[PDB]
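Quick setup: one chain, the form deposited in one PDB entry, written in structure tokens, and binding and motion questions come after.
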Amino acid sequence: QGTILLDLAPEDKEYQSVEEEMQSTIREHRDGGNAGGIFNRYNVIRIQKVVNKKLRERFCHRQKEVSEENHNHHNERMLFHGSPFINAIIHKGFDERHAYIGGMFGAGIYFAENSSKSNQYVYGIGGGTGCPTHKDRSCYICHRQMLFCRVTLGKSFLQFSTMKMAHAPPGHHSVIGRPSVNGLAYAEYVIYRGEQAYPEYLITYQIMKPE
């Protein structure tokens, strides 16, 4: 078999937990919404738990390698990811060959702890041309998708400034861009190996027009 998508009932704590994590990390972006659209609340249409035997094996297999190199601590973490490649990701997993080379920290796979940051990328860099059907970045109609993943960070190379890497720095397994006055408002997590992230949950949703 391949990937199985398990519907989480909205009355379930698991579903409830994901949503609150998603709804609760919304924030104002210095962009003004141009990228991800104006809203301060989402409408969750549904959340499905991605199940894939092979994807799990590679992630887990990679998980203990990082542990070997990080004092038996893989330092896992739940983070959001958004891009126009979600449907491929939940079937084939994260593949760094499709990593974003224009990234702040190099050709890696980017995650955020603020659902609103990943939302800016759902339709492409800087929001691209908005939704496929209406070509609107702030569309309140079309259904969007972002992931809430398990991310194996291992030993993270902490950095403030832009520095494009192809791979994690020696002895490290990830890069954490930290907030800087003339820099990042908020932190972003980067990995250079796809199998160090599992696309746990697939959230289908809509941003909501203000009140």
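Shifts are known only where both forms have a C-alpha. Numbering starts at 1 and follows the sequence shown. For clarity, a rigid core is taken as the largest C-alpha set superposing within 1.5 Å between two forms.
- For residue 32, the fraction of other compared entries lacking coordinates, among those that model flanking residues, is zero, nowhere near a third.
- Of the other entries compared for this protein that flank it with modelled residues, all give atoms for residue 121, so not even a third lack it.
- Across the two stretches, 174-182 and 56-64, the PDB entry reports the greater mean Cα temperature factor for 174-182.
- The question of which stretch, 42-50 or 159-167, has the higher mean Cα B factor is settled in favour of 159-167.
- Across the residues 35, 149, 153, 146, the deposited record lists the maximum Cα B factor for 35.
- Among 191, 203, 187, 22, the highest C-alpha B-factor in the deposited entry belongs to 187.
- The entry lists a Cα temperature factor for residue 84 that places it in the middle third of the chain's modelled residues.
- Per-chain ranking of the deposited C-alpha B factor places residue 11 in the highest third.
- Sorting the modelled residues of the chain by their CA temperature factor places residue 117 in the lowest third.
- In this PDB entry, residue 135 carries a Cα temperature factor that places it within the highest third of its chain's modelled residues.
- The deposited CA B-factor of residue 93 belongs to the lowest third of values across its chain.
Below, we turn to the form deposited in another entry, even though it does not appear here.
- Superposed on the rigid core, the two forms differ between this form and the one not shown by 2 Å or more at the C-alpha of one listed residue only; from 86, 112, 139, 104 that residue is 104.
- With the core superposed, residue 43 shows a C-alpha displacement below 2 Å between this form and the one not shown.
- Taking 2 Å as the criterion, residue 162 counts as shifted between this form and the one not shown: its C-alpha moves by at least this amount when the rigid core is aligned.
- By 3 Å or more, the C-alpha separation between residue 63 and residue 162 shrinks in that other deposited form relative to the form shown here.
- In that other deposited form, the Cα positions of residue 172 and residue 105 lie at least 3 Å farther from each other than in the form displayed.
- Once the rigid core is aligned, the segments that move between this form and the one not shown, defined as three or more consecutive common residues whose C-alpha shifts all reach 2 Å, run 102-106, 161-163.
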